[PDB]
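Chains as they are written, first to last, in this note's numbering: chain F, 309 to 437; chain G, 304 to 391; chain E, 581 to 798. Read the structure below first, then the notes.
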RNA sequence: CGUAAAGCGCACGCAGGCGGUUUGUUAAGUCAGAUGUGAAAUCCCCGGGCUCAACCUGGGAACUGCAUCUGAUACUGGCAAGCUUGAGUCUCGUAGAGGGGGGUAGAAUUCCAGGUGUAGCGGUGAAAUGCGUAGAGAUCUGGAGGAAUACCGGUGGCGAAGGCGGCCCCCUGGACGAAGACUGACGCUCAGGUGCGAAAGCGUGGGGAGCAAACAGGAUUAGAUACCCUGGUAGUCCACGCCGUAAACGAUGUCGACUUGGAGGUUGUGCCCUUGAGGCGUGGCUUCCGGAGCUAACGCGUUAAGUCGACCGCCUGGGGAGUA
Ligand SMILES: [Mg+2]
Ligand SMILES: [Mg+2]
Ligand SMILES: [Mg+2]
Ligand SMILES: [Mg+2]
Ligand SMILES: [Mg+2]
Ligand SMILES: [Mg+2]
Ligand SMILES: [Mg+2]
Ligand SMILES: [Mg+2]
Ligand SMILES: [Mg+2]
Ligand SMILES: [Mg+2]
Ligand SMILES: [Mg+2]
Ligand SMILES: [Mg+2]
Ligand SMILES: [Mg+2]
Ligand SMILES: [Mg+2]
Ligand SMILES: [Mg+2]
Ligand SMILES: [Mg+2]
Ligand SMILES: [Mg+2]
Ligand SMILES: [Mg+2]
Ligand SMILES: [Mg+2]
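In structure tokens:
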């Protein structure tokens, strides 16, 4: 159910994107945001927005480049059934180097590139490319 | 299915005021009330399996509620089961 | 900005979902297109049309329906452009090298209608070979001389031209088409919203295409 | 795991697994560095020694592990207090073959009685068994009895599945809708467990019109332990209690989120000179068709067999065997 909301986010992108849908919204959370952040900073989403207060409302702008969408694939990795935790030497690099891996760490939701530099590791939320 | 008169009664017997309809105790109480009433319905008949399903439903619900209470306010729990007269 | 006296929109339920971005309709259980979006598409329509027409325009005004056909055998036909105004013999772009000989027959026949052999053979063979001609005549006029490969294609009703567009899509032939609310776009590189089968939207944009291929480099 | 092996017939629900949202705290999981340890040989890397090699050997590297200390706090778990969208509770109503109990109605069949009537009726492909002069069938009249409820009736409606159709009262389950109010994550799923669960069949009494396993008789047929005909017992009906299986099928487990359309059916409800028998919306349920997509194909397609998550059942060649 609502039990895993991050996969729900991942999928609302995945879906709307394949639906050539301009925006897409969803109930917000601290967590959710910190990710969209990374998605934006790495140029997969266009721009996010949290239009709420009591009942927060994370909202994202999808991009489309050529004819495609910018997100060729968005999978969950960790999940409440089975949590994944890679050290640092073990951090997974997506599409060789292209595309990213969203990982939470003792210091915030970063990208595998970033986390690798940081010198740390953590829960590898999802993969994007 | 329980009298608006009677259901109201109990709301005003277990909650803050009437309107405090969803107060735990109040649910647990007007469930109890029906569950008990019903025991005579199914005293005759007994072959009314279908209706029985709602009654089981009733019990398992009130049970979950009763559980949750004990988890929160163990005081309001004991008070309630004494005063509703169950849990032996 | 509009010019279309009356092509407004057209076509009722049968709308194809993908034709949303070019519709603002609602009148009486039929949608009017986006009057003001058809237009910035004449920008690009006749533009990259005339753009290739100067660099040398070889068009192919593909359009059919016994109620609009002959109204393409005109300045559409006449000027720098060629036309098909009947049943689109499937594979005529895609089998151009099979059909090429369906031309040699047409000529080698009319080139011998008032020429060569004719009033001889039987008084049977006569219009009993112009039944051959009248046939191959329609469906295979605008083929006649081809000279400079089919290069873009102007097509009347996108889906009613299922085949010819698809053919082009295959062959690298930019397909300029006007696509009703009901017709399926995206087969069309240069998409022209609005009505497709009212005697106007045709002649209008139709004759207005002739009127830009016809002249581009003097 | 729709049709190839594979979703328990269905439901509730303990353990367990999973769990919306904010803040604080915790620091077990997780992450970091340090330190110790992880025997030698082996394996691998670069050399060296036997005429080469196999073989021998120096040195690194590796031993992906464990443990202790110290730190990091995003995620997970613990603790605390919240929050309102998830989930419940309350008010009014709507549709309904939802369940249980008691009444009751007309149409028919069979039977009993009688009137009239008289030589056949019945049945098949053709016949015969059968029935009729103790008068059949036919026809009219009255009566008894059980069983099922024409027309409405409809890809109509309800239920968890099984399944539930005359009318009425009584008891009762669920669903949905319009508002607003209260509870405040109280939830999802569920091995074990419990309940329900067509028809057949079993136990005791009862009931028995029609149908009909068995059985008898007549036929057909090379044969006919059948299909057809004349009869007809159990059973089919009620009460109590068993049994627990069906192609128990959508051959598709439940819950939740997301993703173009079109024409109906059904059922609530808001708004418009109600001024059209309506007009524009907005929920629940459903049928056909169809896009992406998915698929071996067939096909599925917002009621997914699409895109995702939580949990559970189950599959691992055919036969043997759902057998011992
Ligand atoms: Mg199978
Ligand atoms: Mg959370
Ligand atoms: Mg060693
Ligand atoms: Mg050597
Ligand atoms: Mg926490
Ligand atoms: Mg009678
Ligand atoms: Mg009678
Ligand atoms: Mg009710
Ligand atoms: Mg049972
Ligand atoms: Mg039975
Ligand atoms: Mg019996
Ligand atoms: Mg018989
Ligand atoms: Mg079975
Ligand atoms: Mg079925
Ligand atoms: Mg099933
Ligand atoms: Mg639809
Ligand atoms: Mg379909
Ligand atoms: Mg699915
Ligand atoms: Mg057995």
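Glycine included, C-beta positions come from ideal geometry on N, C-alpha and C.
- prompt: What residue range is occupied by the uninterrupted beta strand (DSSP E) comprising residue 584 of chain E?
  reply: Residue 584 of chain E -> no beta strand (DSSP E), and no H or E assigned at all.
- prompt: Which of the three DSSP states, helix, strand or coil, is assigned to residue 368 of chain F?
  reply: strand
message: In whole angstroms, give me the CA-to-CA distance for residue 385 of chain G and residue 391 of chain G.
response: When rounded, the distance between both Cα atoms is 9 Å.
field: Among G:308, G:330, G:309, the one whose alpha carbon lies nearest that of residue 318 of chain G
entry: Cα-wise, what sits closest to residue 318 of chain G is G:330.
message: Classify residue 586 of chain E: buried if its beta carbon has 16 or more other beta carbons within 10 angstroms, exposed otherwise.
response: exposed
contact_flag[the region 755–765 of chain E, the region 730–747 of chain E] where n(CB pairs < 8 Å) is 3 or more: yes
Whether residue 626 of chain E touches residue 662 of chain E by CB criterion (8 Å): no
Residue 386 of chain F versus residue 410 of chain F - alpha carbon distance: 10 Å
message: Measuring straight from C-alpha to C-alpha, what distance separates residue 407 of chain F and residue 427 of chain F?
response: Roughly 20 Å between the two C-alpha positions.
message: Nearest by alpha-carbon distance to residue 670 of chain E: which of E:762, E:743, E:720 is it?
response: E:743
Presumed contact (8 Å Cβ cut-off) between residue 792 of chain E and residue 651 of chain E, rounded CB distance: Not quite, the Cβ-Cβ distance comes to about 18 Å (not below 8 Å), so this is no contact.
Rounded C-alpha distance that separates residue 656 of chain E from residue 790 of chain E: 5 Å
query: At which residue ranges does the region 769–795 of chain E contain complete beta strand (DSSP E) runs of 3 or more residues, listed in the order of the chain?
result: 770–772
task: Determine the direct distance from the alpha carbon of residue 421 of chain F to that of residue 369 of chain G, and round the result to whole angstroms.
output: 51 Å
Whether residue 377 of chain F touches residue 368 of chain F by CB criterion (8 Å): no
query: Measuring CB to CB, does residue 599 of chain E end up less than 8 Å from residue 710 of chain E?
result: no
query: Residues in its own chain within less than 8 Å of residue 423 of chain F by CB, not counting five upstream and five downstream?
result: 396, 399, 411, 413, 429, 430
- prompt: Which value, in whole angstroms, describes the spacing of the CA atoms of residue 338 of chain G and residue 320 of chain G?
  reply: 23 Å
task: Check residue 354 of chain F in the structure and name its three-state DSSP category.
output: strand
- request: Return the bridge partner residues of residue 408 of chain F from the DSSP annotation.
  value: F:436
- request: Pull up the distance between the alpha-carbon of residue 323 of chain G and that of residue 314 of chain G, whole angstroms please.
  value: 7 Å
- request: Go to residue 421 of chain F, then tell me how far its alpha helix (DSSP H) extends in each direction, as first and last residue.
  value: Membership of residue 421 of chain F in the alpha helix (DSSP H) is indicated by the continuous run 420–426.
query: Does the beta-carbon distance from residue 617 of chain E to residue 602 of chain E come in below 8 Å?
result: In this structure, residue 617 of chain E lies near residue 602 of chain E, with their beta-carbon atoms less than 8 Å apart.
query: Where do the ends of the beta strand (DSSP E) carrying residue 698 of chain E lie?
result: Per DSSP, residue 698 of chain E lies in no beta strand (DSSP E) and is assigned neither H nor E.
- prompt: In three-state terms, what does DSSP make of residue 335 of chain F?
  reply: strand
task: Count the other C-beta atoms from every protein chain shown that fall within 10 angstroms of the C-beta of residue 779 of chain E, then say buried if there are 16 or more, exposed otherwise.
output: exposed
- prompt: Do three or more CB pairs link the region 694–703 of chain E to the region 762–774 of chain E at distances below 8 Å?
  reply: In short, these stretches do not touch, since the Cβ pair count stays below three.
message: Once DSSP output is grouped into helix, strand and coil, what is the label at residue 661 of chain E?
response: coil
Beta-carbon proximity check, residue 382 of chain F vs residue 321 of chain F, cutoff 8 Å: yes
task: In angstroms with no decimal places, state the Cα-to-Cα distance between residue 356 of chain F and residue 615 of chain E.
output: Their Cα atoms are separated by approximately 33 Å.
Span separating the alpha-carbon of residue 367 of chain G from that of residue 375 of chain G: 13 Å
- prompt: Taking C-alpha atoms, which residue in E:674, E:666, E:681, E:722 lies nearest to residue 752 of chain E?
  reply: E:674
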